[PDB]
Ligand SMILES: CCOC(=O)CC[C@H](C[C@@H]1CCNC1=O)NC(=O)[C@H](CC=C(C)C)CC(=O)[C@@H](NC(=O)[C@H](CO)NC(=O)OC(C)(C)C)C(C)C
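First comes one chain, alone, set out as structure tokens in the form solved without this ligand.
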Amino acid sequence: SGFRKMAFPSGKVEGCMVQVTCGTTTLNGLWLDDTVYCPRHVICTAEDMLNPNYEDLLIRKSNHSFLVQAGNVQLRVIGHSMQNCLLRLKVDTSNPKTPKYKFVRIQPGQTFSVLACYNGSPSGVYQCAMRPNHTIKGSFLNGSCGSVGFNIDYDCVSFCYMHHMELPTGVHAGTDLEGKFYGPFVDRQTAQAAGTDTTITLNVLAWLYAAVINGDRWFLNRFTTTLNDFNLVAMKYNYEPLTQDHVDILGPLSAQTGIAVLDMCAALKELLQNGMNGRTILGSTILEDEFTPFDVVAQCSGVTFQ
């Protein structure tokens, strides 16, 4: 099986998704009015990525170097420029369903929806949250590039994110719609994953509660742990330390399942020290940290009040 995130509204953003091809690389782009925005690394060859001089690489391209596709439709490119880490392409016709929109830069902690694309075709809208290290977790972002993030307020879509790459640590890095990266990341092939592999404890605990709500029980034990003793184990295994505030956040899930947070921590402690031994939890052979308490409550707690 496996945990499924709740679908969020698309705000008609699916009608704005296009694909851009340069050379042998094809990624997703955003089409608003007669402009298409996409990651500038689309112009790079595998070799160029090692140490790209984007200004120099772009002067080697013309409007015909870019193929923009909206499904089985070609949007002819009539202008191109680079804006920070984005390629801005002018095309010969406007998106007939351009929503009212704005571009904003968000910060860690804020949630936004991302329209995932598989092989360039929209495949679902899911909620994401930027971590303090400015990366986001979301397996649906895998094997993809150029998808966008946004929030909807009444009739206005506020675009706040564009996916540029997946780091080997299974997290994703991107920019705002002005093309400036969130965090210290760059659009070239390099080792830039330091500080992105610490496991999000709050999410793992949330997911364990999700598993209990779904019927899993095997990993529960009749033991408990103090916060410090738990954190000693968490730190050794490179998990984020748990705070009393996080314990408080898990209150609703603890109340729903009748399992005290520190007792769930005792179950996690054992799983970290002994492993899952080939057993599964919510259709996974490893502990998942991509789902937040809010993700779990949205799909496993029915209706949540403000």
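Residue positions are given as counts along the sequence shown, with the first one as 1.
Quick note: we don't show the form solved in complex with this ligand, though the next part is all about it.
Answer with one of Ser94, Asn214, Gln110, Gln192: the residue that has a non-hydrogen atom within 4.5 Å of this ligand in the deposited bound form.
Checking each option against this ligand in the deposited bound form, the one that comes within 4.5 Å is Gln192.
In the deposited bound form, the one of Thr35, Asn63, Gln69, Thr26 near this ligand [non-hydrogen atom within 4.5 angstroms]:
Exactly one listed residue reaches within 4.5 Å, namely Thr26.
Spell out, yes or no, whether the shortest heavy atom distance between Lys269 and this ligand in the deposited bound form is within 4.5 Å.
The answer is no: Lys269 has no heavy atom within 4.5 Å of this ligand.
Verify the contact flag for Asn221: yes if a non-hydrogen atom of it lies within 4.5 Å of a non-hydrogen atom of this ligand in the deposited bound form, no if not.
So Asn221 does not count as contacting this ligand.
Is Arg188 part of the interface with this ligand in the deposited bound form - any heavy atom within 4.5 Å?
Answer yes; at least one heavy atom of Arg188 falls within 4.5 Å of this ligand in the deposited bound form.
Does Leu167 make contact with this ligand in the deposited bound form, using a 4.5 Å heavy atom cut-off?
Yes - in the deposited bound form, heavy atoms of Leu167 and this ligand come within 4.5 Å of each other.
In the deposited bound form, segment of 79 to 87, 222 to 230, 203 to 211, 138 to 146 with a heavy atom within 4.5 Å of this ligand
Selected range: 138 to 146.
Would this ligand in the deposited bound form be within 4.5 angstroms of a non-hydrogen atom of every residue among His41, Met49 and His172?
Answer is yes for this spot.
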